[PDB]
Amino acid sequence: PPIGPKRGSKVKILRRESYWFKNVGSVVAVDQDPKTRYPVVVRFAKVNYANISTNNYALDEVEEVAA
Amino acid sequence: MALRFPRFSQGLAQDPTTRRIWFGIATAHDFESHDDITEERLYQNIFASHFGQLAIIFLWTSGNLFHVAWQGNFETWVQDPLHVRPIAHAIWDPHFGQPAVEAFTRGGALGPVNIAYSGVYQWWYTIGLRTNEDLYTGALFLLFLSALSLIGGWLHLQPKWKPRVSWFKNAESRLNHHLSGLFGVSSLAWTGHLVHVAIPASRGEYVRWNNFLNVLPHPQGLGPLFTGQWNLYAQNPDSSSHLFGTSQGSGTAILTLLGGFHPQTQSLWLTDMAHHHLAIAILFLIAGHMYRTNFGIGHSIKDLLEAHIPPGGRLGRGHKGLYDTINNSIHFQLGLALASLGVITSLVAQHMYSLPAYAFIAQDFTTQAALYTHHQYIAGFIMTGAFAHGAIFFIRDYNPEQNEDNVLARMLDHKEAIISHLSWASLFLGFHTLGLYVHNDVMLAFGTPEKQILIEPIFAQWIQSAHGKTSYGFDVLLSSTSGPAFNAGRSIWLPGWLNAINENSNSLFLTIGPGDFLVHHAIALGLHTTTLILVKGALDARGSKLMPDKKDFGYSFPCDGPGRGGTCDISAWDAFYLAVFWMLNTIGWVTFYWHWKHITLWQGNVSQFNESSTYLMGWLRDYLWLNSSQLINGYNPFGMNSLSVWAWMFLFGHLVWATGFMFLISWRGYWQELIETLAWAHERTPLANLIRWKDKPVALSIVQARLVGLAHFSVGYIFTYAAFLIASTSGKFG
Amino acid sequence: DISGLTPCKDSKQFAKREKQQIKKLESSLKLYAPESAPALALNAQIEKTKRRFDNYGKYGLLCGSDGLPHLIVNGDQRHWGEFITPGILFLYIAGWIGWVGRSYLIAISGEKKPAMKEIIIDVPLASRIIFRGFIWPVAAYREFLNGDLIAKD
Amino acid sequence: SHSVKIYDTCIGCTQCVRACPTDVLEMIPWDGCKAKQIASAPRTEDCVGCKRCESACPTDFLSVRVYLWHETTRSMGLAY
Amino acid sequence: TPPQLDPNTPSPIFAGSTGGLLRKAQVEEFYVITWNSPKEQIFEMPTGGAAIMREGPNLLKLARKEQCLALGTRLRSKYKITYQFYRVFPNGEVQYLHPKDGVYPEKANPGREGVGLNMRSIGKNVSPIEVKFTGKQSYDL
Amino acid sequence: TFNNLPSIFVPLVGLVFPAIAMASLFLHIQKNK
Amino acid sequence: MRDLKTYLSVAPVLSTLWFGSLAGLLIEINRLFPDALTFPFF
Amino acid sequence: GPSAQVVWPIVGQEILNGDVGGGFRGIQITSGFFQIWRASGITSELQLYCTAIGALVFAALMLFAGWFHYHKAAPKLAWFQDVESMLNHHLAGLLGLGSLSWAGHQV
Ligand code: CLA
Ligand code: CLA
Ligand code: CLA
Ligand code: CLA
Ligand code: CLA
Ligand SMILES: CC1=C(/C=C/C(C)=C/C=C/C(C)=C/C=C/C=C(C)/C=C/C=C(C)/C=C/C2=C(C)CCCC2(C)C)C(C)(C)CCC1
Ligand SMILES: CC1=C(/C=C/C(C)=C/C=C/C(C)=C/C=C/C=C(C)/C=C/C=C(C)/C=C/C2=C(C)CCCC2(C)C)C(C)(C)CCC1
Ligand code: SF4
Ligand code: SF4
């Protein structure tokens with residue numbers, strides 16, 4: 001079974017140290033390897049201070065938004 | 001611990017560069033960051049350092065007393081005080097030219113001298129201390145107290161008396177003793193002085209240590225106190241004709257509550273201050289016996305904080321767990337302490353000018369200005385330090401898992417709201433204060449001062465009218481005779497208070513106007529903006545979206561690199577450092593306002609301030625340009641006068657205020673790449689290859705250079721304004 | 001007569017300020033021919049000054065010892081026209097602006113790249129949104145009651 | 001001298017090492033990312049502190065992380 | 001891999017500059033870079049100026065590691081040659097420095113170990129109160 | 001000789017004591033145990 | 001004109017047009033009602 | 001006082017029109033343009049007006065020249081890189097004949 005969210009599921013972030021903390025994002029892809037610690041690649045509408053719109057997040061550092 | 005000079009830090013000792021010297025100077029008193037440190041040793045070093053500071057305080061006061069006793073005209077000043085100049089100390093400068101010796105000879109002195117603008121003359125004369133031998137005795141006693149504090153600080157570093165970590169954390173017994181004894185018994189003892197000495201000294205006779213056991217401060221003597229007939233201590237209030245220092249018009253009362261000022265000295269009554277210190281002595285001795293120490297009664301501050309959780313959770317977990325984040329954290333203790341100290345220092349400044357306690361201190365005008373400026377700049381600095389130490393607490397000492405959801409973590413939960421609404425209030429105040437000031441600048445520019453926006457401060461005039469000031473016709477609680485406030489106090493203190501406040505010549509509740517409104521809103525802008533910077537650095541001390549790991553970098557660190565757009569001045573230290581600029585600006589505003597209002601009151605033309613304080617070219621022309629004439633003419637090509645030192649200090653403060661701009665504007669990288677060329681030149685210059693540094697000469701570090709620029713900046717700010725405020729107020733003296 | 005201020009139609013210092021400014025203008029009016037254009041501009045400024053002082057007389061402005069119109073912003077009805085009747089007229093207009101620029105930002109919030117409408121303003125969309133803020137106070141009121149004024153994160 | 005500690009959020013892009021002007025960093029094999037490599041930091045004693053490694057780290061905040069610490073002649077960028 | 005054993009190879013043609021080894025070589029470590037240039041060509045050396053590196057082996061002694069690695073990256077990116085530099089202490093003991101495995105550090109060679117590596121996200125570091133009155137910091141657990 | 005005491009102490013604290021302190025603290029700055 | 005209305009839609013061109021119109025409005029109001037310090041119209 | 005700027009009487013800024021002299025209320029300028037115009041022998045506002053129209057003509061001319069020399073017919077690098085001609089022309093023609101024609105005006 002494919003682990004994590006889907007390749008178009010909307011998600012929000014519970015990572016304290018992220019720029020998009022408590023901000024929603026779009027799951028690009030989830031690495032199905034059970035050895036990558038941060039498989040959930042998320043895409044965000046607004047860039048961070050490094051002019052980057054995406055980062056890999058963990059499964060527990062993420063929350064499938066109900067919208 | 002280490003090898004080279006920073007023995008307290010083997011990271012700077014193992015630094016080949018000159019940064020070792022600087023950082024070992026700076027981080028010397030940061031005991032929390034030293035090597036091989038324990039909470040026990042930290043507390044013990046703090047205790048011994050407090051002893052050292054008390055020793056230096058008593059030594060500095062002994063020096064004041066000695067240099068007024070030896071080189072002062074204090075015996076001549078107590079004869080005709082309001083027409084004889086104080087003398088701080090003598091001067092032996094071998095660079096002085098003979099004109100400068102002719103000029104600095106003041107106060108009827110054998111040589112050149114310095115005028116005590118500090119008020120120690122007035123204060124010492126008010127508390128007794130008539131002859132110079134009394135000041136000599138005081139200096140000897142304070143030398144003894146300095147040696148006693150040094151003895152205590154050395155003794156409480158030895159193992160037999162090194163107090164334990166759990167003894168400095170006894171936060172109930174310490175409050176009990178300090179409220180009861182340090183605050184209460186000390187106020188009680190000052191009442192004892194004011195009653196046995198200072199009141200008899202004001203009323204003639206000189207009650208000294210040889211003859212104080214056989215003179216009665218009150219002719220009955222402890223009958224009234226023990227019998228409860230305390231009104232007998234308010235029988236003869238030396239009403240309205242008493243000459244301070246002589247028995248003409250004197251009285252017998254020692255604790256009469258009169259309110260208002262002496263008629264002669266325009267200071268408060270020593271009976272009033274005796275009764276005052278007695279009353280707060282009772283209140284502090286009562287408030288002391290509150291916290292449980294050893295005896296099975298009293299409160300535990302824990303179960304007061306733990307119990308103050310509101311149902312409904314509007315605060316959250318309340319103060320549940322806040323005893324531990326203050327008792328175990330010395331930076332919270334220091335932040336609260338400096339907060340209270342800055343508040344009460346500002347209070348000292350704001351009350352000592354309007355309710356002067358010392359004899360003939362309202363009559364010498366430079367003294368009041370120097371004192372208000374001093375205590376307000378001290379208060380602004382102490383407030384900036386309160387906040388800086390709150391930031392250092394949030395970084396070093398704050399444990400979020402110990403204080404989850406309590407009243408302190410809820411700060412960081414919504415820190416953006418606090419910071420953004422402070423950023424609203426300051427922005428509103430600046431936009432509108434500056435807009436009105438610029439509107440009035442342009443109206444006076446276009447020759448239409450009637451078009452000015454002169455918003456009357458109705459809400460402060462209403463408070464003045466709630467205190468008996470019959471200058472606005474509001475007819476409020478104490479300006480109205482038919483009121484409960486003008487009935488329950490009309491027999492006790494409102495006579496003197498009304499007759500003091502209604503006098504337009506004193507500083508008690510000055511008649512204000514629209515310039516006072518505008519400058520009060522400039523003051524509010526300064527306070528709100530300094531608060532914004534400091535609170536923002538304190539709450540973003542642990543981290544932000546730009547640097548969430550800031551807590552791992554400590555309080556003072558330069559930056560986080562050019563990445564992520566750029567992280568210059570991101571530390572909480574940098575917030576402090578920018579807030580010192582905004583603080584000095586704020587206190588410059590409050591003290592410009594004070595000094596111009598008061599120099600216009602003392603001159604006589606209050607209309608000058610009232611018509612000229614509403615537009616900024618009035619502050620530049622009629623205050624800075626006008627009052628600085630006698631200052632900058634302290635030394636002209638054809639001679640000099642006594643204000644030559646203040647002109648020189650004025651220009652000196654300008655020079656260092658400008659030199660701070662070198663370190664603030666010009667940053668590192670240019671200087672390291674300059675000193676590389678200098679090092680090349682020294683290593684290739686003949687007859688100087690012989691000489692070689694032992695410390696590799698690097699440029700100043702970044703955060704260091706922000707500090708050094710801030711130090712030059714503040715030194716120049718302070719020296720410039722001290723020179724201008726003393727020279728202008730001493731060139732004419734009202 | 002609040003705050004110890006005489007009215008400006010009765011204040012002698014106000015009339016003295018008027019006469020001083022008028023004499024200052026007339027001393028500059030003597031240097032020009034009475035029919036010339038600088039002289040006519042100075043005379044127009046003189047009538048402007050005179051009717052300015054008359055209008056500050058009739059509109060209930062209070063003048064202090066310095067003799068300048070002070071504004072009583074406390075809430076006295078006699079002086080609402082000094083602060084509150086303009087102030088509401090500010091909070092309306094200001095709240096027009098913010099209710100427009102906010103609404104616009106909500107109308108271009110659901111675009112693909114909504115930043116290229118921040119720098120390149122849709123004039124049709126902005127003109128449709130601008131007059132929505134005419135009666136903005138009821139929209140802001142209802143959006144506060146409906147919760148649409150505050151985002152829920 | 002300095003302390004260049006890295007964290008497991010690294011994705012193995014090899015930009016922190018390609019920016020490093022002092023060879024502090026080097027990619028090692030690892031199993032925690034799609035690229036199967038992570039950036040170690042053996043030569044921390046050669047670190048000047050320029051933070052080019054973390055001005056090139058494309059994570060949400062950072063994976064490589066320079067903590068400035070005891071400054072030696074190698075870390076003070078001194079050719080003399 | 002075994003190091004490359006710095007020989008007494010020749011140096012570039014340079015007329016001398018004020019960017020050399022002042023005192024960090026006399027009493028402290030200085031550095032030396034060796035590169036095999038296929039042809040003789042001009043290059044901007046990091047101590048200011050412009051030198052002409054010879055054909056075959058070249059050797060340039062520099063004052064710090066950043067000069068060596070800056071020159072090396074410019075060589076590897078512009079002239080595409082393979083550089084390798086050392087560190088020579090004033091008593092000897094030439095230390096092989098740059099590749100340390102034969103292959104450049106951007107390539108994940110096996111054998112090199114994980115040093116300076118935390119198995120946690122960056123914001124799971126404990127607070128300074130946890131490591132207070134301890135020689136450890138908040139990033140070394 | 002009490003108007004001569006400033007002439008004794010102002011150099012002794014201002015020239016001599018600064019030389020003493022600067023020399024001693026420069027030695028303490030460069031010491032190595 | 002296509003792509004001129006997009007340029008005139010740009011933030012500085014649009015800001016200068018809006019503030020020129022607005023400043024002319026304020027300027028002509030102050031010509032009509034000069035030297036105003038109260039709102040007496042109620 | 002040399003004055004060549006008048007303000008509009010709107011918000012009391014009309015007092016910036018000072019008694020500079022000559023039956024004129026304006027801002028005393030400091031560009032020394034009046035001194036240039038006396039050095040040129042102007043002596044009439046018609047001449048200043050027509051050289052203003054001429055300078056507007058030359059502004060339109062330079063704007064059209066920039067449009068032409070970017071968008072319609074632009075030089076290539078062989079035109080700029082030759083500098084002997086650029087110097088010869090900017091010396092003999094711009095600065096040489098420029099000073100010659102100014103000397104002709106003056107004479
Ligand atoms: C009644 C007993 C008693 C008394 C008198 C004191 C007294 C003191 N303790 Mg405490 N202490 C006690 C019991 C007591 N302690 C106990 C039982 C413990 C164990 C729990 C401690 C533990 C303890 C620690 C750990 C420390 C002290 C410290 C101090 C000193 C405070 C510094 C200072 O000068 O503040 C002076 C401040 C005031 C008098 C308050 C004045 C504030 C008012 C509101 C200002 C306005 C009026 C102003 C005075 C007028 C000025 C006019 C003119 C005269 C200039 C002071 C000597 C500190 C210290 O310095 O160590 C040496 C310190 O570090 N104590
Ligand atoms: C005269 C100098 C000056 C001025 C005007 C300000 C102004 C301000 N500072 Mg301070 N600041 C200064 C010097 C100054 N600073 C210095 C020397 C330092 C030390 C580095 C700091 C450090 C500092 C910090 C650390 C912080 C501030 C903050 C602020 C803002 C406070 C809110 C406020 O009053 O806004 C009201 C607005 C003004 C006073 C701006 C004045 C300009 C007018 C009103 C705008 C319109 C002008 C004009 C029409 C534009 C046309 C020109 C052009 C387009 C052609 C504001 C922008 C705080 C902040 O920004 O948070 C809110 C803050 O946190 N400043
Ligand atoms: C060339 C300029 C110059 C110099 C060198 C001096 C020198 C002096 N003047 Mg000044 N003076 C000058 C120009 C100068 N004057 C001019 C132009 C005027 C205007 C007419 C005056 C007006 C003037 C007055 C009015 C007075 C002096 C006084 C003094 C003496 C200070 C006593 C002393 O050394 O205490 C010790 C010095 C200090 C405490 C100040 C130094 C503070 C340091 C920098 C801060 C601390 C740093 C750190 C903790 C310690 C590091 C050093 C360490 C190694 C010891 C001293 C001889 C005073 C005097 O003679 O009274 C005794 C005095 O009252 N002067
Ligand atoms: C923030 C501070 C501040 C404040 C409060 C003021 C306030 C004022 N200034 Mg000052 N001024 C300021 C800053 C400030 N200024 C600054 C910074 C400068 C320098 C740039 C000036 C320079 C200046 C000059 C030189 C002059 C003023 C003048 C004025 C007055 C404006 C009269 C006017 O034309 O408005 C009239 C009202 C408007 C223009 C608003 C009209 C808005 C439109 C038409 C919409 C309203 C209708 C709307 C549809 C709602 C209707 C309700 C319903 C039917 C829908 C007023 C007292 C003038 C004056 O009279 O002096 C006292 C004047 O000559 N000011
Ligand atoms: C808006 C008011 C205004 C205007 C339009 C002018 C215009 C002029 N003045 Mg006058 N002047 C003014 C105000 C003004 N001045 C004031 C307040 C004073 C002080 C009393 C003077 C004093 C004065 C003197 C003494 C002299 C002039 C002269 C001149 C002329 C030459 C200067 C020139 O071309 O500027 C060129 C200036 C620049 C290119 C600098 C940059 C300015 C930029 C373009 C402003 C852009 C503003 C924009 C609308 C808004 C912000 C844009 C955005 C970036 C945010 C010109 C006719 C001279 C002359 O010979 O007159 C015939 C002369 O000698 N003026
Ligand atoms: C950062 C931080 C910190 C610091 C902070 C600060 C520094 C603060 C400050 C603060 C302040 C500085 C405050 C103040 C306040 C004040 C108030 C709050 C007031 C009140 C008042 C009242 C209430 C009054 C009343 C009255 C009157 C009106 C008069 C007469 C009498 C009576 C009584 C009636 C800490 C450490 C804490 C912690 C951490 C964080
Ligand atoms: C002010 C101005 C203006 C105007 C100006 C002008 C008008 C100018 C002119 C100019 C001119 C009008 C010029 C001319 C020139 C000429 C020349 C430069 C000539 C030369 C000649 C020669 C060189 C010769 C030779 C010869 C001879 C000798 C003889 C015969 C033969 C021959 C021909 C060969 C304008 C509007 C623009 C505007 C701006 C300013
Ligand atoms: S730059 Fe960051 S993500 Fe890329 S290899 Fe280095 S540590 Fe990993
Ligand atoms: S700070 Fe500079 S030298 Fe240190 S690891 Fe990062 S890139 Fe390399």
# chains A, B, ... in the order shown; residues from 1 in each chain; ligands from 1
>>> residues_around(residues="residue 35 (chain D)", least_positions_apart="5", cutoff="9 Å", atoms="only C-alpha atoms", output="VMD selection string")
chain D and resid 11 to 13 30
>>> write_last_selection(atoms="N, CA and C atoms", output="PDB file, in the first residue's frame")
ATOM      1  N   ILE D  11      19.184  16.254   1.809  1.00  0.00           N
ATOM      2  CA  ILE D  11      18.652  15.510   0.673  1.00  0.00           C
ATOM      3  C   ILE D  11      19.737  15.037  -0.277  1.00  0.00           C
ATOM      4  N   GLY D  12      21.002  15.347  -0.007  1.00  0.00           N
ATOM      5  CA  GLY D  12      22.080  14.847  -0.836  1.00  0.00           C
ATOM      6  C   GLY D  12      22.251  15.581  -2.143  1.00  0.00           C
ATOM      7  N   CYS D  13      22.003  16.887  -2.155  1.00  0.00           N
ATOM      8  CA  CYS D  13      22.148  17.683  -3.364  1.00  0.00           C
ATOM      9  C   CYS D  13      23.589  18.085  -3.645  1.00  0.00           C
ATOM     10  N   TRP D  30      24.663   7.185   2.561  1.00  0.00           N
ATOM     11  CA  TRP D  30      23.631   7.272   3.581  1.00  0.00           C
ATOM     12  C   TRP D  30      22.357   6.683   3.002  1.00  0.00           C
TER      13      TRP D  30
END
>>> residues_near_ligand(ligand="ligand 3", cutoff="10 Å", atoms="only C-alpha atoms and all ligand atoms", output="PyMOL selection string")
(chain B and resi 67+88-97+99-101+103-104+112-115+634-635+640-649) or (chain F and resi 6-7+9-26)
>>> closest_atom_pairs(of="chain H", to="chain C", cutoff="7 Å", atoms="only C-alpha atoms", output="Markdown table")
| residue | atom | partner | partner_atom | distance |
| --- | --- | --- | --- | --- |
| H:23 | CA | C:32 | CA | 5.6 |
| H:24 | CA | C:38 | CA | 6.5 |
| H:25 | CA | C:38 | CA | 5.9 |
>>> residues_near_ligand(ligand="ligand 5", cutoff="8 Å", atoms="only C-alpha atoms and all ligand atoms", output="JSON, numbers by chain")
{"H": [3, 4, 5, 16, 27, 28, 29, 30, 31, 32, 33]}
>>> write_last_selection(atoms="C-alpha atoms", output="PDB file, in the first residue's frame")
ATOM      1  CA  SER H   3      14.098  85.010 -10.092  1.00  0.00           C
ATOM      2  CA  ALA H   4      12.750  82.546 -12.638  1.00  0.00           C
ATOM      3  CA  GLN H   5      10.270  80.526 -10.584  1.00  0.00           C
ATOM      4  CA  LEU H  16       7.709  81.842  -1.136  1.00  0.00           C
ATOM      5  CA  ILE H  27      11.684  82.628  -5.928  1.00  0.00           C
ATOM      6  CA  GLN H  28      15.189  84.042  -6.190  1.00  0.00           C
ATOM      7  CA  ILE H  29      17.026  81.510  -8.333  1.00  0.00           C
ATOM      8  CA  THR H  30      20.712  80.698  -7.900  1.00  0.00           C
ATOM      9  CA  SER H  31      21.569  78.868 -11.139  1.00  0.00           C
ATOM     10  CA  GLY H  32      23.190  81.972 -12.615  1.00  0.00           C
ATOM     11  CA  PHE H  33      21.154  81.524 -15.777  1.00  0.00           C
TER      12      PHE H  33
END
>>> closest_atom_pairs(of="chain D", to="ligand 8", cutoff="9 Å", atoms="only C-alpha atoms and all ligand atoms", output="tab-separated table")
residue	atom	partner	partner_atom_place_in_ligand_line	distance
D:6	CA	ligand 8	7 (S)	6.4
D:7	CA	ligand 8	7 (S)	7.5
D:8	CA	ligand 8	8 (Fe)	8.4
D:9	CA	ligand 8	3 (S)	7.2
D:10	CA	ligand 8	8 (Fe)	3.8
D:11	CA	ligand 8	3 (S)	4.6
D:12	CA	ligand 8	5 (S)	4.1
D:13	CA	ligand 8	4 (Fe)	4.0
D:14	CA	ligand 8	5 (S)	3.8
D:15	CA	ligand 8	1 (S)	4.4
D:16	CA	ligand 8	1 (S)	3.5
D:17	CA	ligand 8	6 (Fe)	6.0
D:18	CA	ligand 8	1 (S)	8.3
D:19	CA	ligand 8	1 (S)	8.3
D:25	CA	ligand 8	6 (Fe)	8.0
D:26	CA	ligand 8	6 (Fe)	8.6
D:27	CA	ligand 8	5 (S)	7.0
D:37	CA	ligand 8	5 (S)	7.8
D:38	CA	ligand 8	8 (Fe)	5.7
D:39	CA	ligand 8	5 (S)	5.2
D:40	CA	ligand 8	7 (S)	8.1
D:53	CA	ligand 8	1 (S)	5.9
D:54	CA	ligand 8	1 (S)	6.4
D:55	CA	ligand 8	1 (S)	8.2
D:56	CA	ligand 8	1 (S)	5.4
D:57	CA	ligand 8	1 (S)	3.6
D:58	CA	ligand 8	3 (S)	5.7
D:59	CA	ligand 8	3 (S)	6.2
D:62	CA	ligand 8	2 (Fe)	6.6
D:63	CA	ligand 8	7 (S)	4.8
D:64	CA	ligand 8	7 (S)	4.3
D:65	CA	ligand 8	7 (S)	8.0
>>> write_last_selection(atoms="N, CA and C atoms", output="CSV table (one decimal), in the first residue's frame")
chain,number,residue,atom,x,y,z
D,6,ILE,N,25.6,18.9,10.9
D,6,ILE,CA,24.5,18.8,9.9
D,6,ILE,C,23.4,17.9,10.5
D,7,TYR,N,22.3,17.9,9.9
D,7,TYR,CA,21.1,17.3,10.4
D,7,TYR,C,20.5,16.4,9.3
D,8,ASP,N,19.6,15.5,9.7
D,8,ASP,CA,19.1,14.4,8.8
D,8,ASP,C,18.1,14.9,7.8
D,9,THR,N,17.8,16.2,7.8
D,9,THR,CA,16.9,16.7,6.7
D,9,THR,C,17.6,16.9,5.4
D,10,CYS,N,18.9,16.6,5.4
D,10,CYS,CA,19.7,16.8,4.1
D,10,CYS,C,19.2,15.8,3.1
D,11,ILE,N,19.2,16.3,1.8
D,11,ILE,CA,18.7,15.5,0.7
D,11,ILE,C,19.7,15.0,-0.3
D,12,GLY,N,21.0,15.3,0.0
D,12,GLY,CA,22.1,14.8,-0.8
D,12,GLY,C,22.3,15.6,-2.1
D,13,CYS,N,22.0,16.9,-2.2
D,13,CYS,CA,22.1,17.7,-3.4
D,13,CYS,C,23.6,18.1,-3.6
D,14,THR,N,24.5,18.0,-2.7
D,14,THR,CA,25.9,18.2,-2.9
D,14,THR,C,26.2,19.7,-3.2
D,15,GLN,N,25.3,20.6,-2.8
D,15,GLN,CA,25.6,22.0,-3.0
D,15,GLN,C,26.4,22.6,-1.8
D,16,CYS,N,26.2,22.2,-0.6
D,16,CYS,CA,26.9,22.7,0.5
D,16,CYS,C,28.4,22.3,0.3
D,17,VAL,N,28.7,21.2,-0.3
D,17,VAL,CA,30.1,20.8,-0.5
D,17,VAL,C,30.7,21.6,-1.7
D,18,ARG,N,29.9,21.8,-2.7
D,18,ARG,CA,30.3,22.5,-3.9
D,18,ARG,C,30.4,24.0,-3.7
D,19,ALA,N,29.9,24.5,-2.5
D,19,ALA,CA,30.1,25.9,-2.1
D,19,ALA,C,31.2,26.1,-1.2
D,25,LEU,N,33.3,20.1,4.3
D,25,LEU,CA,32.2,19.1,4.1
D,25,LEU,C,32.6,18.1,3.0
D,26,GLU,N,32.0,17.0,3.1
D,26,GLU,CA,32.1,15.9,2.1
D,26,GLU,C,31.0,15.0,2.1
D,27,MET,N,30.5,14.6,1.0
D,27,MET,CA,29.3,13.7,0.9
D,27,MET,C,29.7,12.3,1.2
D,37,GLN,N,22.7,9.9,-0.2
D,37,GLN,CA,24.0,10.4,0.3
D,37,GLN,C,23.7,11.6,1.3
D,38,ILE,N,24.6,11.9,2.1
D,38,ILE,CA,24.5,13.0,3.1
D,38,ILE,C,25.9,13.6,3.3
D,39,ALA,N,25.9,14.8,3.7
D,39,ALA,CA,27.1,15.7,3.7
D,39,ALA,C,27.7,15.7,5.1
D,40,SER,N,28.8,15.0,5.3
D,40,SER,CA,29.5,15.0,6.6
D,40,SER,C,30.3,16.3,6.7
D,53,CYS,N,27.8,27.3,2.9
D,53,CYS,CA,27.2,25.9,2.9
D,53,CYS,C,25.7,26.0,3.2
D,54,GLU,N,25.3,26.9,4.0
D,54,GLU,CA,23.9,27.1,4.4
D,54,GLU,C,23.2,28.2,3.6
D,55,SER,N,23.9,29.0,2.8
D,55,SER,CA,23.3,29.8,1.8
D,55,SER,C,23.1,29.1,0.5
D,56,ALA,N,23.3,27.8,0.5
D,56,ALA,CA,23.1,26.9,-0.6
D,56,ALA,C,22.3,25.6,-0.3
D,57,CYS,N,21.8,25.6,1.0
D,57,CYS,CA,21.1,24.4,1.4
D,57,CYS,C,19.6,24.5,1.1
D,58,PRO,N,19.1,23.7,0.2
D,58,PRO,CA,17.7,23.9,-0.3
D,58,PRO,C,16.7,23.1,0.6
D,59,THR,N,16.7,23.3,1.9
D,59,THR,CA,15.7,22.7,2.8
D,59,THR,C,14.8,23.8,3.3
D,62,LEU,N,17.1,24.6,7.0
D,62,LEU,CA,18.5,24.2,6.9
D,62,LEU,C,18.8,22.8,7.3
D,63,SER,N,19.8,22.2,6.7
D,63,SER,CA,20.3,20.9,7.1
D,63,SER,C,21.7,21.0,7.6
D,64,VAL,N,22.6,21.5,6.7
D,64,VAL,CA,24.0,21.9,7.2
D,64,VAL,C,23.8,23.2,8.1
D,65,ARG,N,24.5,23.3,9.1
D,65,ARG,CA,24.3,24.3,10.2
D,65,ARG,C,25.6,24.7,10.8
>>> closest_residue(among="B:444, B:120, B:518, B:690", to="chain H", atoms="only C-alpha atoms")
B:444
>>> interface_residues(of="chain B", to="chain C", cutoff="10 Å", atoms="only C-alpha atoms", output="PyMOL selection string")
chain B and resi 447-459+461-462+465+470-474+513-514+607-612
